[PDB]
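# Structural characterization, general
Residue-level listing of the chains:
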Amino acid sequence: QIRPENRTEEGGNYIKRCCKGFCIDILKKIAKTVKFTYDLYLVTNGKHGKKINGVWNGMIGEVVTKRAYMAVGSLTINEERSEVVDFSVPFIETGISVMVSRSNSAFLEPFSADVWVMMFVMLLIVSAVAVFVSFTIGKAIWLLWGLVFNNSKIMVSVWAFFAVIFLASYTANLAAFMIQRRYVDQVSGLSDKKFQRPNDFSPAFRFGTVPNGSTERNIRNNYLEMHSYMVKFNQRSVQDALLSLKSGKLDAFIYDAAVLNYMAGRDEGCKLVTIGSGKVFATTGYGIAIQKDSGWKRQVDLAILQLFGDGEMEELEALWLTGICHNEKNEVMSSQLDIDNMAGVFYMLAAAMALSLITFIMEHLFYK
Amino acid sequence: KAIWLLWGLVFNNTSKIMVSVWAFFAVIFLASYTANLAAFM
Amino acid sequence: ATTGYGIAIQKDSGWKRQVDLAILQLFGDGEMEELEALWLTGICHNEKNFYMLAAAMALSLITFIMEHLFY
Amino acid sequence: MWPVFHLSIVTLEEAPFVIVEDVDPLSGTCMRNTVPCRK
Amino acid sequence: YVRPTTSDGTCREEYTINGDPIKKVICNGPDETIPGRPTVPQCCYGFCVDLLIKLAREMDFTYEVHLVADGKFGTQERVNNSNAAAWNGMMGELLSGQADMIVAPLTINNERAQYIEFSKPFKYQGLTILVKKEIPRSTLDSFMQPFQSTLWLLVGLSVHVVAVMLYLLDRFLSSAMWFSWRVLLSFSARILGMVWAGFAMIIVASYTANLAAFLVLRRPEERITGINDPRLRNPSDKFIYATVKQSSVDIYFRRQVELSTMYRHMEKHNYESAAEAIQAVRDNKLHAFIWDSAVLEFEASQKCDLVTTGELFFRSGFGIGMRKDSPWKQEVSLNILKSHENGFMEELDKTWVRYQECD
Amino acid sequence: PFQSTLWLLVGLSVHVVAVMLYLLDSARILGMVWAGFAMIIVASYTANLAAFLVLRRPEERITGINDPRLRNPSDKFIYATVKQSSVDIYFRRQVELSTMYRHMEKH
Ligand SMILES: N[C@]1(C(=O)O)C[C@@H](C(=O)O)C1
């Protein structure tokens, strides 16, 4: 029903639409088991709704107003709503989660640090055999490491061949391991603080969510400053948020886990992904809003658990939920040429040089 | 001896700078060609 | 020969046309695809997987003779 | 019970299409989608 | 976790890897150590114990905890009577009045929900198949081999030929041979050396192609490709999959006629406890073991030789068992909801689920 | 994709290494670490080749009959078939593919 557009009765005339989907088919299956006829309507005020200045809105408000006995949809379940109204057994797991896109130490990983120690000990024995055959020993180790990177005579020749083979093998295995890499993400445990403190990262991280939503209420509940910062970052809709993500106007998006996951699976090209490899916060379920304790209740719950018992939920998830990005067969992508991991290994490489400088200074100290 | 030096740098073993750039380019070209040959094979 | 498995019967069998209609019912409904998916499915879709130098050496010998000519 | 009362069906074992198993001594009869057959 | 107390009766002090002392509570129950099965006091501690303690903190009610006698979660059956069937397990303990509440990972299902009420799920989880994982250490000396050694020796012969060609070209000795062997590891002299260098580089590139080809192994499409797999669907005598008898998994497999074949395959190899089945899977006695993902993923994290199969099936949850006639389930479900809302469950999961680095 | 920032950081690292060489003029250990870093750099240069070689992320919008895009039709992806054909009879037979048939009916 809409107030501004009126053919007659001034708000009495209502527009008819066709609703269908996962939650719809679930509601039909449940209504099939419970065997009651029903009349479906759409909420004109807000999408989901929240409590402002002491007043409920949306579907919950329609339930408080007795305009609807049972509310079905993408509505999440939280502590505040469950007190006043009853919720059915959770249909699917959904909650506050972050969707992001990643743009981009493997060198030391391929050696597992064992190859380095083994080659160092073997080079020490070979350099001892070569020395048997002060700065001269340093030049011997310089020769060994010189062979290691590929820039008495027989031993050095065989050692050079083995070092060359080891180098080629190391190169092929490092390339293969670099190609086989995956799972790369940010904020594995959400405790990374990137989203927490904007000023810790320069430039500050831009993140927001759809206002008046459950994720927004939970966001204001757990974190005050996060709510204050994401207040200006609030997005009109999930589509506008996805566009803000794609065009670069937003770094990370905070939304429902199931919605974000379907959006990930049904994503063309599979550009955007969930954080923590499907990691969700608050771990809420999708229920069904209902009336005061007296009602169908346990019958509805038994019907949902029956729906889970038959296994039709898996098929429903296959049709309406599952995406083509699950077909990825474990590892999702290559990450291609851009790495920045080599820059990470550069620090480890530099550290041994700094320690060698410390040893040089320590040798200079013993001299003086 | 110049061509011998150039081809010597091309394969795994003002003048110095040019020889250096040529050696780097030869290393990149050799590694890329070998890795790509392994991958294509 | 692109042969297939039918169901053998006696000649002029009346149960022929019915059986044919049911088999075609399995393909029309698409239940044949699901049944074949169930029983015929398998685990592995895919798995597993000097002369020029000597020529260059001979060319190098001819290069020795040619260098002798060039010298 | 004797099967004589029909369209008697004779078959032959070829995998995966035709799979023949021994009848369960504990069950006493066939179970699930398995069907009784005589040879 | 359940562990026997010291002779003094005091519970042993332990702490999490995070440096946090682990809370413990007293529970009287059957010990698997003793020949008989009398219920004895033992210290029990874990996610469920911490949850019950936190519930007792939020709600003023105290708690007396004890282990179930049969050692199974719950089931509905009658041994000696065809007429009427009765519950056994913790569910039976709840319906008999032996316990006013059951705090444990009890899977929510329609069969159990009839007689008893379930609190809002504290943990969302499903069933996944767990199989043994092995680190493919091999080819070390054998991928030294795969060149067949005929090609490398042929490389040496090519080095000899290059040295002979070098002598012939230089004419148009020992030091030159040593220089040739070193290069391995007139116009035609330089041509021979250049061809030798190119052939050596090509040999290294071929060794890298062979190495890279040899590293990729076992192919895709592992033993378990999901809930539905030919190895899972058709119970070959080689591959044995099982589950714990008289459990929710058992009821789930025995419920469907489609899974009746899987039930026939599991019925013989089934175990009473999940620990013996896990130990069997680790020792490769049992090929695959289907169970809760909450326990399975935790075991896969704990031991790296065990991996859980993908495509999680049977989405469900764990909740505190309550009688419908008891007023505590309202505030209990509310408290679990607030527990998820505040993020306490996040810290609890970060606590009891370790996710080791497998050093 | 190196952004030329990494290459410039490399050149700056070369200037810094030259400055450290001048200043130094136990250094052999540092030179050895430099050699290992060089080998890692060459292996990484091979890794870039392997990366351009991979091309491991196809989208595959349409996989099969049970594919998500086909099972759940979207306004972006338009699938159709030949009217008055076996496809029409096959799609109209099943109620599950009846929606996909409704999706095809316009297209
Ligand atoms: N499901 C939501 C809710 O309010 O219930 C909408 C969504 C969001 O905006 O992130 C949470």
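Residues numbered from 1 in each chain as written, not as in the entry; some residues may be left out. Chains lettered and ligands numbered in written order. Part of a larger assembly, values for the part shown. Heavy atoms only, no water. Residues with missing side-chain atoms left out of burial classes, pairs and counts.

As deposited, the entry is annotated with X-ray crystallography as its determination method and 3.590 Å as its resolution.

### Quick look at the overall build of chain D
To keep it simple, the criterion reads: Starting at the N terminus, helices and strands are each numbered in turn, a helix being any DSSP run of H or I of at least four residues and a strand any DSSP run of E of at least two.
The helix and strand inventory of chain D stands at zero helices and zero strands. Counting only C-alpha atoms and orienting by the principal axes, one finds that chain D spans roughly 30 × 25 × 15 Å.

### Comments concerning the overall build of chain F
Which entries qualify depends on this criterion: In this setup the radius of gyration rests on C-alpha atoms only. A globule is expected at 2.2 Å times the number of residues raised to 0.38.
In terms of regular secondary structure, chain F is built from five helices and zero strands. Secondary structure elements of chain F, listed N to C terminal, follow the sequence α-α-α-α-α. Since a compact globule built from 107 residues should have a radius of gyration of about 13 Å, the 29 Å found for chain F marks it as more spread out than a globular shape. For the C-alpha atoms alone, the extent of chain F along its principal axes is close to 85 × 20 × 20 Å.

### Brief notes about the interface of chain A and chain F
Where the parts come together, the accessible area they lose is often given as the size of the interface. Test applied: We call two residues contacting when some pair of their heavy atoms lies within 4.5 Å.
Contacts between chain A and chain F engage 28 residues on the former and 26 residues on the latter. Among the elements of the structure, helix 6 (135-148), helix 7 (153-179) and helix 14 (341-367) of chain A are those that each provide at least two residues to the side of chain A that touches chain F. Broken down by element, the residue count for the side of chain A that touches chain F peaks at six residues, all from helix 7 of chain A.

### Things to note about the packing of helix 2 (residues 15-40) of chain B against helix 2 (residues 27-54) of chain F
To keep things clear, this is the line we draw: Only C-alpha atoms enter the line fits that serve as axes; for helices the fit covers just the stretch in contact. Angles between N-to-C directions range over 0 to 180 degrees. Angular relationships are summarised with four words: roughly parallel below 35 degrees, roughly antiparallel beyond 145, roughly perpendicular across 65 to 115, and oblique for the angles in between. Helix crossings fall into two classes, left-handed where the near helix is turned counterclockwise from the far one by less than a right angle and right-handed where it is turned clockwise. Each residue gets one label: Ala, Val, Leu, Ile, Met, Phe, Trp, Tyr, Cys and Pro are nonpolar, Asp, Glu, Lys and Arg are charged, and the others, such as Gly, are polar.
The N-to-C vectors of helix 2 of chain B and helix 2 of chain F enclose an angle of 40°; their axes lie 8 Å apart at closest approach. Between helix 2 of chain B and helix 2 of chain F, the angle falls in the class oblique. Judged by the sense of rotation from one axis to the other, the crossing of helix 2 of chain B with helix 2 of chain F is right-handed. Packed against helix 2 of chain B, whose contacting residues are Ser32, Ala35, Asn36 and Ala39 of chain B, the element helix 2 of chain F presents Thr46, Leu49 and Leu53 of chain F at the interface. Across the contact of helix 2 of chain B with helix 2 of chain F, the residue classes tally to four nonpolar, three polar and no charged.

### Overview of the sheet that holds strand 2 (residues 207-208) of chain A
All names here are of chain A. For clarity, the cut-off: DSSP calls a pair of strands paired once it identifies at least 2 bridges connecting them.
Strand order in the open sheet made by the four strands is 2-3-1-4, with mixed pairing throughout. With partners counted over all chains shown, the strands left at the sheet margins are strand 2 and strand 4 (273-274), one partner each. Bridging between strand 1 (residues 96-100) and strand 4 involves two bridges; their strand directions are antiparallel. The residue bridging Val100 from the neighbouring strand is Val273, located in strand 4.

### Remarks on the pattern of salt bridges
Close approach of charged atoms lets side chains of opposite charge pair. All names here are of chain E. For clarity, the threshold we go by: Should a side-chain nitrogen of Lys or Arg be within 4 Å of a carboxyl oxygen of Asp or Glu, the pair is scored as a salt bridge.
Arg12 is paired through a salt bridge with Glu14; the nearest N and O atoms lie 3.1 Å apart. A salt bridge links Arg323 to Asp100; the shortest N-O distance between them is 3.2 Å. Beyond isolated ion pairs, a larger network of salt bridges with shared partners links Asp100, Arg323 and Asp325.

### Let's talk about the sheet that holds strand 1 (residues 2-4) of chain E
Residue and element names in this part refer to chain E. With mixed pairing, four strands are arranged side by side in an open sheet as 1-3-2-4. Unpaired on one side and paired on the other, strand 1 and strand 4 (65-66) mark the two borders of the sheet. Relative to strand 3 (residues 39-44), strand 2 (residues 25-30) runs antiparallel, the two sharing six bridges. Paired with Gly29 across the bridge in strand 3 is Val40.

### What about the packing of aromatic side chains?
The criterion, for reference: Classification of ring pairs rests on two measures: the distance between centres of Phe, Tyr or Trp rings, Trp counted by its six-membered ring, which must be within 6.5 Å, and the angle between planes, read as stacked under 30 degrees, edge-to-face over 60 and tilted in between.
On the numbers, 6.0 Å between centres and 50° between planes, the contact of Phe36 of chain A with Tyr38 of chain A is tilted. Ring centres of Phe73 of chain E and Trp291 of chain E lie 6.4 Å apart, and the angle between their planes is 50°; this geometry places the pair in the tilted category. The structure contains a cluster of three or more aromatic residues connected by ring pairs, namely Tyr1, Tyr45 and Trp352 of chain E.

### Side note on the state of the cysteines
Residue and element names in this part refer to chain E. Operational definition: Note on terminology: pairs of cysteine sulfur atoms within 2.5 Å are recorded as disulfides.
The side chain of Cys27 participates in a disulfide bridge whose partner is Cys44; the two sulfur atoms lie 2.0 Å from each other. Here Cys27, found in strand 2, pairs with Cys44, found in strand 3; they are 17 residues apart in sequence, far enough to count as distant. A disulfide bridge connects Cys304 with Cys358, and the sulfur atoms are separated by 2.0 Å. Of this pair, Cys304 sits in the loop between helix 11 (293-302) and strand 12 (306-308) while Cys358 sits in the segment after helix 13 (344-352), and the two are 54 residues apart along the sequence.

### Details of the arrangement of the chains
Once contacts are tallied for each of the eight pairs of chains in contact, the highest total is for chains A and F. Between chain A and chain D there is no contact, and the shortest C-alpha to C-alpha distance separating them is 17 Å. These two, chain B and chain D, are apart from each other, with no contact and a minimum C-alpha gap of 37 Å.

### Focus on the packing of helix 7 of chain A against helix 2 of chain F
At a minimum axis distance of 8 Å, the contact between helix 7 of chain A and helix 2 of chain F shows a crossing angle of 50°. Accordingly, the angle class assigned to the pair helix 7 of chain A and helix 2 of chain F is oblique. The interaxial crossing formed by helix 7 of chain A with helix 2 of chain F has right-handed handedness. When helix 7 of chain A is examined against helix 2 of chain F, the residues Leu167, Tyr170, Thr171, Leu174, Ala175 and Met178 of chain A are found in contact with a partner set consisting of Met39, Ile40, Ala43, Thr46, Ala47 and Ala50 of chain F.

### Considering the environment of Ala288 of chain E
Following the sequence through the fold, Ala288 of chain E ends up in strand 11 (residues 288-292). It is 12 Å that separates the C-alpha atoms of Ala288 of chain E and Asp229 of chain E, two residues lying 59 residues apart in sequence.

### Description of the environment of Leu94 of chain E
Residue and element names in this part refer to chain E. Relative to the helices and strands, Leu94 resides in helix 2 (residues 90-95). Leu94 sits 22 residues away from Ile116 along the chain, and the two C-alpha atoms are 7.9 Å apart. In contact with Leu94, other than residues within four places in its own chain, are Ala99, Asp100, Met101, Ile116, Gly321, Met322 and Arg323.

### What to know about unusual backbone geometry
The residue after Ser202 of chain A, namely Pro203 of chain A, is reached through a cis peptide bond having omega 0°. Within the secondary structure, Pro203 of chain A is located in the loop between helix 7 and strand 2. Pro16 of chain D follows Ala15 of chain D through a cis peptide bond whose omega is -5°. Backbone geometry at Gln246 of chain E places phi at a positive 55°, although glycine is not the residue there. Even without a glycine there, the phi angle at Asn284 of chain E is positive, about 60°. Mapping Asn284 of chain E onto the fold places it in the loop between helix 10 (274-282) and strand 11.

### Remarks on the side chain of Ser244 of chain A
Residue and element names in this part refer to chain A. Basically, it comes down to this: Contacts described as polar in this section are N or O atom pairs within 3.5 Å, which, within protein, must combine one atom able to donate a hydrogen with one able to accept it, while residues neighboring in sequence count only if both atoms come from side chains.
Tracing the backbone shows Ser244 in helix 10 (residues 238-246). In terms of polar contacts, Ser244 uses its side chain to reach the side chain of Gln235, at 3.0 Å. Every residue in contact with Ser244, bar those within four places of it in the chain, is listed here: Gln235, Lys249 and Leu250.

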